[PDB]
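Only one chain is given next, in structure tokens, and it is the form deposited in one PDB entry.
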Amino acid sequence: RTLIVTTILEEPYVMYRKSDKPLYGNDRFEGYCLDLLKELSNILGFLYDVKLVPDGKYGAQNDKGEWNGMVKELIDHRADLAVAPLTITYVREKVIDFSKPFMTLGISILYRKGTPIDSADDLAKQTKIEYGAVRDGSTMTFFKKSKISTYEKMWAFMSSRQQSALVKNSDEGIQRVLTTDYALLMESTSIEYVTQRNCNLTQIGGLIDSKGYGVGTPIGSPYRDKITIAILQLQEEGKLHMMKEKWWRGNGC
């Protein structure tokens, strides 16, 4: 029995391994999520085949309430597990079964260093500095749904002018921050990774919410609870902490 694991390319979770000759199967990939999969399969004793999600999406609902991405792969039983930086959210948890979190994160702000900006409130009350998030990701959704006045104000701005302040993916966001007067609303784990490698960038303020990434399984999956117990074991042994350090640590600034 070989489990199908849906995932998505995202540094440093899942990356194409560098090679001068064609690579095949699981050997095509490396990263934090490949290391996690190895540790999980060690503990639980399953074989697995990693498969990139065909539409290249994480999982959001459209106008008609239809799902896409890795979430949809789980719902349709085309995958057994999703192992990726898949944010645990209310809307997703209703349609798939998440394991307990293997990594914590919060939404925060990525911006260049040396400015007087110190919080989301600072961005909210002005219009000169543009700010946004990855379109249709869980960060954008948090702002779209929030009733906290500061975050409603930010969503009004982000969604204005045909969402010109939003970006298609994190890399586009990062380049926009580097080049123009732009701040990106980004998950703190990704911010840590980026600021380890771009000495001109920094996190602005603290975390505005509190959540995590979990392994996704279809509703009713017998693996969900086993995966959860494996994750708790890895946490208590210090292994999740070591894995993060391995993939996050940059060359120093």
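Numbering starts at 1 and follows the sequence shown.
Between 170-178 and 123-131 (mean CA B-factor, as deposited), the higher: Stretch with the greater average CA B-factor: 123-131.
Of 82-90 and 158-166, the stretch whose C-alpha atoms average the higher B-factor in the entry: Result: 158-166.
Which of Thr202, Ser221, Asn42, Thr189 ranks first by CA B-factor in the deposited coordinates: If I rank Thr202, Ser221, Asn42, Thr189 by C-alpha B-factor, first place goes to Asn42.
Where the record places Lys51 (Cα B-factor, split into thirds across the chain): For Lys51, the deposited C-alpha B-factor lands in the highest third.
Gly212 by Cα B-factor - lowest, middle or highest third of the modelled chain: Its C-alpha B-factor belongs to the lowest third of this chain's values.
Where the record places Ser149 (Cα B-factor, split into thirds across the chain): It belongs to the highest third of the chain when residues are ordered by C-alpha B-factor.
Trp67 - Cα temperature factor, lowest/middle/highest third of chain: Answer is middle: the recorded C-alpha B-factor places it there.
Chain thirds of CA B-factor: placement of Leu37: Highest third, going by the recorded CA B-factors of the chain.
Missing here is the form deposited in another entry; even so, the following discussion is about that form.
Direction of the Cα shift between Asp136 and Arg224 in the other form, where the change is 3 Å or more: The answer is farther, because the C-alphas of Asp136 and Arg224 separate from each other in the other form by 3 Å or more.
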